[PDB]
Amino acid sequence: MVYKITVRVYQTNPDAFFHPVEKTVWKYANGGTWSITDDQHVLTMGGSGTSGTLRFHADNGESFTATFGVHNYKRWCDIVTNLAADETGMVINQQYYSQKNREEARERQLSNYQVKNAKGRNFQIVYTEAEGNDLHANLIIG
């Protein structure tokens, strides 16, 4: 059955402004689509076992990836900060199915995750609808 993850982005700090610069979809479970409905990023997936990655960028150099997916019928999420120049969104998205620490993050099936970058800025994902096929999550930027 189709899984959908609707993401709302909350920027709370005026000292920086992030905007999406990359939207990727993993190939498993017949892939999926990244779309927009009323300023909401909607990830529609063909089933459980795949994911999608949003990469954001602020004009001050700061950047992070926010990956949302469904592993064994349960939602998961992870945030990667301090990205290298050759660490684009498609690079990160694939790592959750090849790189050990990333695979463990997905297998944790978190309804919420929190991490900071080197500058101290906090990034959080919180699933407000954390069960079923219609998932909703807030992306909160500190």
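Don't overthink the numbering: it's just position in the shown sequence, from 1.
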- Averaging the C-alpha B factors as listed in the entry, name the stretch that ends up higher: 80-88 or 61-69. 80-88
- When mean C-alpha B-factors in the record are compared for 16-24 and 115-123, the larger belongs to 115-123
- Item | Residue of maximum C-alpha B factor among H41, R55, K100, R75, per deposited coordinates | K100
- Query: Looking at the C-alpha B-factor of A29, is it in the lowest, middle or highest third of its chain?
  - Reply: middle
- Item | Record-listed C-alpha B factor of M1: chain third | highest
